[PDB]
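Enquirer: My complex, part one, positions kept as in the full thing:
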Amino acid sequence: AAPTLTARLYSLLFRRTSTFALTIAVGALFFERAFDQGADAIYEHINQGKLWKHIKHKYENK
């Protein structure tokens, strides 16, 4: 009866609910700068060649 990989770190960090009181602060990363994969790479792909920083090399260093 080998279990699955849901014993994540339950015996290591999550038992004594020390994590739960401060996940607004401590467990808070991986979801602003790791989501450069998110909206900005999607939004500029639907609007390729239409934003200002696409038509930009045409009008500096002239």
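Expert: Alright, I've got the coordinates. Residues are numbered from 1 along each chain as shown, chains lettered A, B, ... in the order given.

Enquirer: Tell me how many other residues crowd residue A:44.
Expert: For residue A:44, the neighbour count with other C-beta atoms under 10 Å is 14. Where C-beta positions appear, they are placed from N, C-alpha and C, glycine not excepted.

Enquirer: What is the end-to-end distance of stretch A:7-25?
Expert: By C-alpha to C-alpha, to the nearest Å, the extent of stretch A:7-25 from end to end equals 23 Å.

Enquirer: Contacts for that stretch next, please.
Expert: By C-beta atoms under 8 Å, 6 or more residues apart in numbering, the surrounding residues in contact with stretch A:7-25 are A:26, A:27.

Enquirer: give me that answer again for 10 Å
Expert: Contact with stretch A:7-25 is made by A:26, A:27, A:28, as judged by C-beta atoms under 10 Å, 6 or more residues apart in numbering.

Enquirer: again with stretch A:43-57
Expert: Contacts of stretch A:43-57 (C-beta under 10 Å, 6+ apart): residue A:59.

Enquirer: What is the end-to-end distance of that stretch?
Expert: Stretch A:43-57 has an end-to-end distance of 20 Å (C-alpha to C-alpha).

Enquirer: Give me the buried positions along it.
Expert: Of all the residues in stretch A:43-57, not one is buried under the rule 16 or more other C-beta atoms under 10 Å.

Enquirer: rewinding a little: want to try TSV for the contacts of stretch A:7-25, with distance to residue A:45 as columns?
Expert: TSV is the format used below for the contacts of stretch A:7-25 (distance: C-beta to C-beta, whole Å):
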residue	distance to residue A:45
A:26	34
A:27	31
A:28	28
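
Enquirer: put chain B on too:
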Amino acid sequence: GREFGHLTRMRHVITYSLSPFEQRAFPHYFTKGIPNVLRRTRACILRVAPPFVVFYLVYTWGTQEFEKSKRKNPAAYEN
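Expert: This next block brings in chain B, placed alongside the chains you saw above:
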């Protein structure tokens, strides 16, 4: 004065419960849930729906008779 030890009188009733960590949070979901939400739809469809059908027929008669009272004039438009 409405607190839990002072509510009502009860005799001869037994309840059994399981811990939330001992059970799966998603049991039968499409096996039980889809046949359940279909007979709930059948039980209430003859009470709720026939009023909103009569609103639809009055809305279509009211917008179509508005136009051919106004500037839609094929044949009543002579001397």
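
Enquirer: Please re-evaluate the contacts of stretch A:7-25 in the presence of chain B.
Expert: For stretch A:7-25, contacts defined as C-beta atoms under 10 Å, 6 or more residues apart in numbering or on different chains pick out A:26, A:27, A:28.

Enquirer: quick one: buried residues of stretch B:21-34?
Expert: Using 16 or more other C-beta atoms under 10 Å in any protein chain shown as the test for burial, stretch B:21-34 gives no buried residues.

Enquirer: how distant is it from the center of its chain?
Expert: 24 Å (C-alpha atoms, centre = their mean, to the nearest Å).

Enquirer: How about stretch A:44-52?
Expert: Distance, centroid of stretch A:44-52 to centroid of chain: 22 Å (C-alpha atoms, centre = their mean).

Enquirer: Can I get that stretch as PDB, trimmed to CA atoms?
Expert: Output of stretch A:44-52 as PDB, limited to C-alpha atoms (Å, rounded to 0.1, in the frame of the first residue of the first chain):
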ATOM      1  CA  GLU A  44       1.100  41.500 -26.400                       C
ATOM      2  CA  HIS A  45       0.700  38.400 -28.600                       C
ATOM      3  CA  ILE A  46      -2.900  39.200 -29.500                       C
ATOM      4  CA  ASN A  47      -1.800  42.800 -30.200                       C
ATOM      5  CA  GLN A  48       1.400  42.300 -32.000                       C
ATOM      6  CA  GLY A  49       2.600  45.400 -33.800                       C
ATOM      7  CA  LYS A  50      -0.100  47.600 -32.400                       C
ATOM      8  CA  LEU A  51       1.300  48.800 -29.000                       C
ATOM      9  CA  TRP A  52       3.700  51.700 -28.700                       C
END
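
Enquirer: slot chain C in:
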Amino acid sequence: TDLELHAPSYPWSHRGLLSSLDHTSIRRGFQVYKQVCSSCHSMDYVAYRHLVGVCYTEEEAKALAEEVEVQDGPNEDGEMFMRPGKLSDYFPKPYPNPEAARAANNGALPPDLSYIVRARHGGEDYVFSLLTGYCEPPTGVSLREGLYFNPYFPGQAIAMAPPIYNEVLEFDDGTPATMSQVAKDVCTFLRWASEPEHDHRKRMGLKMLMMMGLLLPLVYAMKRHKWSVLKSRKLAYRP
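Expert: Adding chain C to what we have so far:
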């Protein structure tokens, strides 16, 4: 007073839910207001300040303000003098009063345009369909001194001679300046003017849909965890 003609749906390049505006078609459409008009229309809510970063950099922008001459205030050892565009200036009105306005146009004042597509029931599809929809007055419609028959107008009798035709203008990078191309660019203008928050509104709406695609299935399974005690309970009656 009989019926009205409503504008059709044109497939604009900003019509979609995550679509930006074309920032080359605002530059071409600013000059359809600047050099083909402002002889009737004021646009008293947009400046030469708000054009930077949308369709011009800040030089190429001040030079269009140091081209018109408007009256500044007074200065001592003198009186009311002239000093042109100080980088933050609204667009110049043509008429000194509504008294002199409608006398120049046979009893009608052409309105301001800085909110004109937000103020009509067609958006920027209405402005396009009226600029390029002129006809001749049909049989029986005896119109007076100042009435040109436009079927996309309330009352069929706008006091507007047609303002644009083939090559009233030529653009800065080279573009065939036909009449529909003139009107399409000025209707990509006057929508950015009414709604300058357009592209910021849709990019912020994309991060909202991705964060609530995380929070919502996770609050729901937390609710599902507490309520499973009551959903699994059994009852028995032994009198």
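
Enquirer: Chain C added, so what about the buried residues of stretch A:43-57 now?
Expert: Using 16+ other C-beta under 10 Å as the test for burial, stretch A:43-57 gives A:43, A:44, A:47, A:50, A:51, A:52.

Enquirer: what residues does chain C put near chain A?
Expert: C:13-14, C:16-25, C:27, C:53-57, C:59-60, C:173, C:199, C:202-211, C:214 (C-beta under 10 Å from any C-beta of the partner chain).

Enquirer: Just the ones in helices from those residues, please.
Expert: Mapping those onto helices (DSSP state H) picks out C:25, C:27, C:199, C:202-211, C:214.

Enquirer: filter the residues of chain C next to chain A to the buried ones?
Expert: Among the residues of chain C next to chain A, those classed as buried by 16+ other C-beta under 10 Å are C:14, C:19-25, C:27, C:54-56, C:199, C:202-203, C:206.

Enquirer: Secondary structure element holding the closest residue to residue C:40 other than its chain neighbours?
Expert: For residue C:40, ignoring the flanking residues on the chain, the nearest one in space by C-beta to C-beta, 6 or more residues apart in numbering or on different chains is residue C:110 at 4.1 Å. According to DSSP states H and E, residue C:110 maps onto no helix or strand at all.

Enquirer: Confirm that residue B:52 lies within a strand, as I assumed.
Expert: No - the assignment for residue B:52 is helix, going by DSSP: H, G, I helix; E, B strand; the rest coil, so no strand is present there.

Enquirer: Just the residues contacting stretch B:70-79, thanks.
Expert: For stretch B:70-79, contacts defined as C-beta under 10 Å, 6+ apart pick out B:66, B:68, C:1, C:2, C:3, C:4.
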